[PDB]
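What follows is the residue order along each chain.
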Number of protein chains: 6
Amino acid sequence: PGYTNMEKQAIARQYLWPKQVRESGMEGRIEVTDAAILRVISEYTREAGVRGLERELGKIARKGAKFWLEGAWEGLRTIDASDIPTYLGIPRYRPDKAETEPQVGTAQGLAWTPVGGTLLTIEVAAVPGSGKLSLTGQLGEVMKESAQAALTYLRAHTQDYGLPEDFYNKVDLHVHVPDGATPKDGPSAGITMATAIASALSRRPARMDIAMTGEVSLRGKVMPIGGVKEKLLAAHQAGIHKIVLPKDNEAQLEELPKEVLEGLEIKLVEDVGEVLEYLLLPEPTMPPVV
Amino acid sequence: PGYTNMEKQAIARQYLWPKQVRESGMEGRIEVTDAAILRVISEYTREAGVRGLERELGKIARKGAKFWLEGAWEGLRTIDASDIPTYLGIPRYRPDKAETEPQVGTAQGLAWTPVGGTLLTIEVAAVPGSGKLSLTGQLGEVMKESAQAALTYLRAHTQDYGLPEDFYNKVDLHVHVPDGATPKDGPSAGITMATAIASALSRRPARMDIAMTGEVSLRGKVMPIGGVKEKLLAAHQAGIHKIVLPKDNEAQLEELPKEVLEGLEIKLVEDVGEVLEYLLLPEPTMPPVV
Amino acid sequence: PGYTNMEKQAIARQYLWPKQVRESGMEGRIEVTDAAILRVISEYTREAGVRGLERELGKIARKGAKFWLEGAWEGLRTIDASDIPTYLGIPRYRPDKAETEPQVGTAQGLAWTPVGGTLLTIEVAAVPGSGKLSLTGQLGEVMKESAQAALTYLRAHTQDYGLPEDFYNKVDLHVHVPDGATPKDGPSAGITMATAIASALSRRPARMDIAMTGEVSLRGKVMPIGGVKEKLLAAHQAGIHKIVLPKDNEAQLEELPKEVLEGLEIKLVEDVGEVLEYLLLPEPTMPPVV
Amino acid sequence: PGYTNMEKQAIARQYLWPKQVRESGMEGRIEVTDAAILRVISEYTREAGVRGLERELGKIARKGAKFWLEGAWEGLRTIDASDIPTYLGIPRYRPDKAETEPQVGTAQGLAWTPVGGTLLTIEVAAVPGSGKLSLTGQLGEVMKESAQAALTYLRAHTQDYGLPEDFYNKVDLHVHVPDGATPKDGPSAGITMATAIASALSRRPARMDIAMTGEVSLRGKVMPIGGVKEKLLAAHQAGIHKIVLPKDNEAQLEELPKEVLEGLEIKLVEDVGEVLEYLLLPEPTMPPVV
Amino acid sequence: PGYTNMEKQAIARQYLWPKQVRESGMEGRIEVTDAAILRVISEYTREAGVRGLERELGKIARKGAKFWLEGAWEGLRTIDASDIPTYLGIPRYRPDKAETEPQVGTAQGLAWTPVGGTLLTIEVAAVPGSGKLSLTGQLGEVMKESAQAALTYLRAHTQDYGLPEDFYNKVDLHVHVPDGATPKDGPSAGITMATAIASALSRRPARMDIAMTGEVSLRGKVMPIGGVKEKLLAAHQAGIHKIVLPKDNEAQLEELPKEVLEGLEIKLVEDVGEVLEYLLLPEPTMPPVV
Amino acid sequence: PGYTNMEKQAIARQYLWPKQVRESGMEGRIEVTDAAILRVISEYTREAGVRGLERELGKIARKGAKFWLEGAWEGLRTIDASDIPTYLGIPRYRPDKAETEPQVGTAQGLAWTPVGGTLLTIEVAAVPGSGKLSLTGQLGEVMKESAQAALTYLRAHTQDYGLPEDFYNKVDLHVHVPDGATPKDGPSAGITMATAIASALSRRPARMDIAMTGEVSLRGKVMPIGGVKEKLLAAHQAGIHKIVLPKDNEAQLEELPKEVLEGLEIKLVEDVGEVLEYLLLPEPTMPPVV
Ligand SMILES: *[B]([O])([O])[C]([C][C]([C])[C])[N]C(=O)[C]([C]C1=[C][C]=[C][C]=[C]1)[N]C(=O)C1=[C]N=[C][C]=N1
Ligand SMILES: *[B]([O])([O])[C]([C][C]([C])[C])[N]C(=O)[C]([C]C1=[C][C]=[C][C]=[C]1)[N]C(=O)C1=[C]N=[C][C]=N1
Ligand SMILES: *[B]([O])([O])[C]([C][C]([C])[C])[N]C(=O)[C]([C]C1=[C][C]=[C][C]=[C]1)[N]C(=O)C1=[C]N=[C][C]=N1
Ligand SMILES: *[B]([O])([O])[C]([C][C]([C])[C])[N]C(=O)[C]([C]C1=[C][C]=[C][C]=[C]1)[N]C(=O)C1=[C]N=[C][C]=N1
Ligand SMILES: *[B]([O])([O])[C]([C][C]([C])[C])[N]C(=O)[C]([C]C1=[C][C]=[C][C]=[C]1)[N]C(=O)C1=[C]N=[C][C]=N1
Ligand SMILES: *[B]([O])([O])[C]([C][C]([C])[C])[N]C(=O)[C]([C]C1=[C][C]=[C][C]=[C]1)[N]C(=O)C1=[C]N=[C][C]=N1
Ligand SMILES: [Mg+2]
Ligand SMILES: [Mg+2]
Ligand SMILES: [Mg+2]
Ligand SMILES: [Mg+2]
Ligand SMILES: [Mg+2]
Ligand SMILES: [Mg+2]
């Protein structure tokens, strides 16, 4: 049960969009193309009905009114599919490529060995509880301490990231790094765990088209790591083109083949706040844990 | 004390069925054969009296009314024994073959060694408690972490599977894998433990005519395993013909003898939700834990 | 202070028995011999006074009335000493042979080594507490897990065996297997621990003229064990003639000398419920733990 | 501040004794000698004043009235020093020999090594708490389990020995066996720990002119031990002449030199209740723990 | 959103300063230069608005009134940039050199190895909690005990340092010493941990232009350490010129090159109170933990 | 802020002393010299004001009235500096020699090695808490058990030493023995820990001009130790001339050089109560822990 895509496109054109436009005060000043409407449906909603669709159309109209405040214009400003991220932010869903779409409680990390690099996904669940923490996937002691440092940083910054103020005694956290049997260790997934934990707690989905590596200090400083070449090659080979790396590793980028560096967008960071701002979509997509 | 099977058959024909038919609005449109009634008794009830029997007959009649809504028909639609699963679902009891009948808190898993495969039953009890978890049967650390990942997945999906919302602090769980003395390890019983735990918590019995293998991620992804040939041979040899296997192991099926593959029905899965939907009968057969 | 046996015999004949008979509606239909009365005193009571005696006489009379309901008779049905167990069940006390009389919280188990078998008593105390479990007598990890599986089975079946519904958080249990210094291990005392724990919790005494061996699954399945010959010889040598053994060990009975098998009564079991029904006297002999 | 012994003797003769005699109904029927009064002071009181003295004199008079009930007599029954234990029980204090006087929370145990026996004192404190147990003096695991078995036995028999019903969650226990550095192990101080723990909990002092050895089962059975010759020689050499030994060790007594056996009084026991009845004075000498 | 620096300078001159001066009773007696005002903005405030600025100007004026009380003067006392620390204390912020500015919950420690010295930062977070303590960064047992001793000292001196009276059961502490992978051990960061913990709890920032080393006793005595030469060279090389050292290490200062000793200011301490008074700015810069 | 010593001397002579004398009823019967007043200030007070001074003068006057009760005298009894300890007890403060002055929660212990003896200070903090105990300074298991035995003894004797009745669940204790890195072990600091713990709990300062050694039993017996010669030499060399030693070590004193024994005052003890009476000043000098 629900509307077909055709029905959603039509009800948006005929009812939802004109309603949201007029309620935003923008009637006659902005429009959306058919392709824009379909992109909103496909990449910004996931539902049987159209409540979400209507909310997204309202966001577009209100963002239009913001542009109007910056400066008026004559005639119709037409929003096409290519314009949608300007109004709605980073796509929330990617039905054609689901594995790299944003997800609540996950983050894409990078590991290395003497023979090369490996992508690893950090998974975190936040469930009703009492402040317990589980750390699984055969994690070594250094990596476990890294998770603890990330969690403490978040406990000290609940306001900044929109985390529940009482999660420390009403939520249990579980950090898991598949695959289950393979030992893993080291401090370089500090920012990756901070991202996944913050996502799980806030219910804001983390982008999965970005891979990252960096040690985190307790106060949130991003510290240099090893295996830059191997990790970035592994990302590139897996079709990830957006990277987060510590600022103190900038010198190691010279070691990549120019062709690989060419197809990578690298964000250098000094503070974990920069990571969380880049990785976490602004709006929660699931109800609160408790 | 109770009714004989003969008495149950007769009271169903004379009182229970006609009552349920007329209350469903289907008098004159549907009938059941004597063989159908006996199958309901034998495979869908387990009781001294006939309260359960009457409930099952009501289910048949209401399912009839559903078919009527899809499309009316002229004359009598007669439900025979072979038709009963269309109306009542998968048989709940198999008095002739009790060991493969559905059971609350069990699931059929598959293990391997350098010399072949072995069927292993995962047992789970859910009892009044305070959120404690016991893991017994000489389980290694990887297998214990697998149980923890399965449990966390279920804690995060209580609505989806009809689990109690407060089981995390009102229920103790105990996962046991006989036999008691034999060491066991590995991540490949993740879906098997998820099935047994979900069954115990929901009081919905898990089918025991299906054997399964698959690693589970925290978010419920089913991940590939080893020993596909050995495990499937072991299932076949034990007379299990229905298998659940990770989608990522599809390539390993080529290794089975055509004759063995011939007599196996294999369901490939990517998400643990697909497993639980296939394994767990929809209706609970025991009262809630608390 | 109390009555002598002579006084108890006389007060039973003159007051207690005729009172209980007439209150049961059986005056003139049943009688007891002097030897029957003395057996009731000796094997079914343990007290200074005669409250217990009077209760047992009431049980005899009411059981008489039950036989009357099955079918009336003419004249006097006289109950002699040999008839008493038909009316009162298995003797509760054996003053001439105290070591094999039923006891609250004990069960007779059987162990083996490369040189032969050994009887071992499992002792369990249930005391006011908070759900703690102690396991002592130098028990190995497999044997400890066996105790845990037995306890969980009982937690899941409190109604079936008349266990307190809240024992899991109001009672502490202590399982001890003397002698203190000797290491012990293995899963084959699962049914033995289930018996002793159920007895301690229910305050129903367990028979000590029966020796047992069997692994228990979490759902109560009795599983095969080793050392059948050695264990049964050890029982026989110690003057125990009643044995409980897993059904799956039936084939091993062929290995016993015909003369030994001749003097043993062996009960083959598939479910722990069969064990508890055979071992535990129906009526509690001590007040509840809390 | 307090009375001198001379003042206590005189106030007893002139006021306390005649008051207690007449209040007991025994005026003219019983008397005490000066030596008897001094023994009451010295061996049954420990105080600045004479409240305790007066209580003991009342006990003598009431015990006199008990003898009167058994049978009257003509004239004066005069109680001399040698008669005092008949009226007041075992001496509570021994100012001339303080180390063997009864004490709250201690018991005299016996250990052995390849070169001989050793007396060891078991010390137990019962303090306000929450059910915690500390076991110190470099005790091995078997000896620690022995303490646990003794404590559980006492938890199951609070009525029998006059222990507080709620000690399990309002009292912390600490068992210590000096000297601090010397490792100790084994099950043979089970009765010794039961004695010291029961004494500490009940505030009834344990005799220290008796040395003991015996393993305890959970249900209180006293089980045989080793090193009988070495332990009894060690007792004899230390000037202890009263021994408690398991009944099952009776055969080992033959090994002692006739001269040593001559000067030993040995009590053979089968149940820990027999030990506690012999060791613990009937009346508490300190206020309750809570 | 906020004021530009130019706007802050002007609003201070025109409104904030004259208001604070007249409210302090000092109109006509004190003035501030433009450079002084800019230093207040840059080194004593960190904010979008000017509430903090106005507070600091009020502090200057009230400190002026204090000087007036010590002795009046004729004419205008003009406060220039070089005078600001006399009025406002040690600079709170150093925008040009942020890494050595004071920070809440950090302290600069010094370590050594057989090949030289190393600066290490101790990080501490104080978060809502229940009295838990985490110690991470691969710290050895001696170093962990050192943290415990520092924390206990602070628990015993809450009044002295303005710590919350209930932090012991309402706050969790986490001490972390990056980098995550490198093992660290020893007692010589006792004063360093005391500083960082006291800072985190009090929300008073610790100076980071001072490096320190010293063992702490439970009662706060500062005890001598090793590696004085290596540690002080490492400080000097990193551009730290202010050192805290135990008084008992004064003799080791002779070992430094005269040129290095020349550019170091060394504070010798005997008590941790001297350390905390030197390191912690007097006023908190963040709200309380709970 | 406070009074100068000159002002304190004068205000005592002119106001505080005559007030306290007349309020005690001793006007004209007792006097104090200027030197006595200065000793009271220096060795019995530590304060900015004179509240403490006035209290001490009141103690002197009331002690005078006690002497008067023992026997009157004619004329003026003049109290000089040398007399002050007769009236006020052992000096509470020693400004000229602070390291050996009495302190809350410390005690002077003695250790040995194959090459000689060493003074070691036991430090104890009592802080608001919940009954937790920390034991630090790299203490071995025997030494930790010794601390536990000392603490239990104190828990059983709260009335005797003026300890809080509820410290067992409202106070956390921390025992620390510097230096942090050096391993320490053995039972011979039992009395030393009992002293420091009792001091911390009672807030009564322990003398630090006395060094001690002795094992403690749970019931408070002081037991013999080793290294008497080495320990006493170490004390002597450090300028400690007052020693507490077990009575059972009296024979070892013969081994000291006559010259060393000459300058030592040795108190032989059998019970820890004797130690605490000698070590702890009678009046608390700090407020209660909770
Ligand atoms: B990171 O570089 O510290 C990273 C953290 C996380 C993503 C596992 N770890 C690794 O790269 C480690 C090597 C290592 C680096 C630094 C310190 C210690 C160890 N690699 C792995 O753990 C690993 C696991 N599975 C596959 C490949 N590599
Ligand atoms: B699975 O393949 O990970 C499975 C899980 C569960 C059913 C025991 N385990 C096994 O097959 C293991 C081998 C193994 C596989 C992968 C990683 C580690 C270990 N087998 C056994 O544990 C076993 C136990 N008893 C009998 C036979 N095999
Ligand atoms: B059972 O056969 O598992 C039994 C359980 C219990 C009564 C101790 N244990 C034993 O027979 C063991 C041998 C063993 C069998 C199977 C697995 C592992 C070990 N024997 C003993 O523990 C033992 C102890 N004391 C005396 C004799 N035997
Ligand atoms: B008992 O015989 O088990 C006894 C218990 C207690 C009084 C210490 N223990 C011992 O005699 C042991 C030897 C032993 C006997 C049986 C099993 C295991 C060990 N002796 C000692 O522990 C010991 C300690 N100090 C001095 C002398 N002996
Ligand atoms: B301190 O001198 O005890 C110091 C404490 C803290 C700052 C780590 N530790 C060290 O200097 C140790 C050596 C050591 C000294 C004394 C006792 C035991 C050990 N150094 C290190 O731990 C270390 C760690 N990383 C880099 C360099 N040095
Ligand atoms: B005591 O003699 O038991 C004493 C207790 C405390 C003051 C440390 N311990 C020691 O003298 C030990 C040696 C020892 C004696 C007896 C049993 C076991 C060990 N000495 C030390 O621990 C030590 C520590 N640092 C410096 C010197 N000695
Ligand atoms: Mg990484
Ligand atoms: Mg499997
Ligand atoms: Mg067995
Ligand atoms: Mg013994
Ligand atoms: Mg240092
Ligand atoms: Mg010592």
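Before any of the text, the structure's been laid out above.
In short, a report on the structure. (Residues numbered from 1 in each chain as written, not as in the entry; some residues may be left out. Chains lettered and ligands numbered in written order. Heavy atoms only, no water.)

Let's talk about the interface of chain B and chain A
- Taken together, the 16 residues of chain B in the interface contact 21 residues of chain A.
- In total, about 1400 Å² of surface goes out of reach between chain B and chain A, with carbon and sulfur atoms giving 58% of it.
- Remark: the boundary between chain B and chain A carries two salt bridges.
- Between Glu123(A) and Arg219(B) there is a salt bridge, with the nearest N and O atoms lying 2.2 Å from each other.
- Breaking the side of chain B that touches chain A down by element, the ones donating at least two residues are helix 5 (141–155) and strand 8 (215–216) of chain B.
- Looking at the side of chain B that touches chain A element by element, the count peaks at seven residues for helix 5 of chain B. (Contact = heavy atoms within 4.5 Å. Buried area = accessible area lost by both parts, 1.4 Å probe. Salt bridge = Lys/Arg side-chain N within 4 Å of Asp/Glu carboxyl O. Helix = DSSP H or I, 4+ residues; strand = E, 2+ residues; numbered from the N terminus.)

Structural notes on the packing of aromatic side chains
Residue and element names in this part refer to chain D.
- According to the stated counting rule, one finds 18 aromatic pairs over all chains in the structure shown.
- Their ring planes at 80° and their centres at 5.0 Å tell us that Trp68 and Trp73 sit as a pair that is edge-to-face.
- An angle of 45° between the planes, with centres 6.1 Å apart, marks the rings of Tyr153 and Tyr161 as tilted.
- Judged by relative accessible area, which is 11%, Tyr161 ranks as buried. (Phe/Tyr/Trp six-rings, centres within 6.5 Å; stacked < 30°, edge-to-face > 60°. Buried < 20%, exposed > 50% of the residue type's maximum accessible area, 1.4 Å probe, protein only.)

Quick look at the coordination of the magnesium ion (ligand 10)
Residue and element names in this part refer to chain D.
- Protein coordination of the magnesium ion (ligand 10) is provided by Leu110 (O), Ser188 (OG) and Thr213 (OG1), with donor distances spanning 2.6 Å.
- In the primary sequence, the donor residues of the magnesium ion (ligand 10) line up as L-x77-S-x24-T. In this pair, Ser188 is assigned in the loop between strand 6 (171–176) and helix 8 (190–202) and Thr213 in the loop between strand 7 (210–212) and strand 8 (215–216), connecting sequence segments 25 residues apart.
- You can call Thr213 buried: its relative accessible area is 0%. (Donors = N, O, S within 2.8 Å, 3.2 Å for Na, K, Ca; no water.)

Section: the interface of chain C and chain B
- Contacts between the two partners involve 16 residues from chain C and, on the opposite side, 21 residues from chain B.
- Taking both sides of the interface into account, the surface hidden between chain C and chain B amounts to around 1400 Å²; carbon and sulfur atoms contribute 58%.
- Where chain C packs against chain B, one counts two salt bridges.
- Applying the counting rule to chain C against chain B returns nine residue pairs in polar contact.
- Of all the secondary-structure elements, those providing two or more residues to the side of chain C that touches chain B are helix 5 (141–155) and strand 8 (215–216) of chain C.
- The element that contributes the greatest number of residues to the side of chain C that touches chain B is helix 5 of chain C, accounting for seven residues.
- Among the residues forming the side of chain C that touches chain B, the class breakdown is eight nonpolar, three polar and five charged. (Polar contact = N/O pair within 3.5 Å; in protein donor to acceptor, adjacent residues only side chain to side chain. Nonpolar A, V, L, I, M, F, W, Y, C, P; charged D, E, K, R; others polar.)

Description of the site of ligand 6
Residue and element names in this part refer to chain F.
- The full set close to ligand 6 counts 16 residues, and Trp112, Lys184, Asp185, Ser188 and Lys231 are the nearest of them.
- Within the contact set of ligand 6, a nitrogen atom lies 2.8 Å away from a backbone nitrogen or oxygen of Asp185.
- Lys231 has a polar side-chain atom sitting 2.7 Å from an oxygen atom of ligand 6.
- When contributions to the shell around ligand 6 are tallied by element, the ones reaching two or more residues are strand 3 (106–113) and strand 4 (116–128). (Near = heavy atom within 4 Å.)

Things to note about the site of ligand 4
All names here are of chain D.
- By nearness alone, 16 residues border ligand 4, and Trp112, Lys184, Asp185, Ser188 and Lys231 come closest of all.
- Here an oxygen atom of ligand 4 and a backbone polar atom of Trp112 are 2.9 Å apart.
- At 3.4 Å, a backbone N or O of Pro187 approaches an oxygen atom of ligand 4.
- Relative to its free-state accessible area of 580 Å², ligand 4 is covered by the protein chains to the extent of 77%.
- For the shell around ligand 4, the elements supplying multiple residues, two or more each, are strand 3 (106–113) and strand 4 (116–128).
- The residue inventory of the shell around ligand 4, partitioned by class, reads eight nonpolar, five polar and three charged. (Areas by Shrake-Rupley, 256 points an atom, 1.4 Å probe, with all protein chains shown as cover.)

A few points about helix 2 (residues 34–44) of chain A
- When we look at burial in helix 2 of chain A, the residues that qualify are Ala36(A), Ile37(A), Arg39(A), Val40(A), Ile41(A), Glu43(A) and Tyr44(A).
- The inward-facing, buried residues of helix 2 of chain A contact helix 1 (5–23), strand 1 (30–32), helix 3 (51–70), strand 2 (77–79) and helix 4 (84–88) of chain A.

Comments concerning the sheet that holds strand 5 (residues 133–136) of chain E
All names here are of chain E.
- Strand order in this open sheet of seven strands is 5-6-4-3-7-10-11, and the pairing throughout is mixed. Of all strands in the sheet, those with a lone pairing partner are strand 5 and strand 11 (265–269), marking the two edges. For this sheet the average axis-to-axis angle between neighbouring strands, irrespective of direction, equals 25°.
- Sheet topology places strand 7 (residues 210–212) next to strand 10 (residues 242–246); three bridges connect them, and they run parallel. The partner of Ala211 across the bridge, within strand 10, is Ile243. (Pairing = 2+ DSSP bridges. Axes fitted to C-alpha atoms, helices over the stretch in contact; angles between N-to-C directions.)

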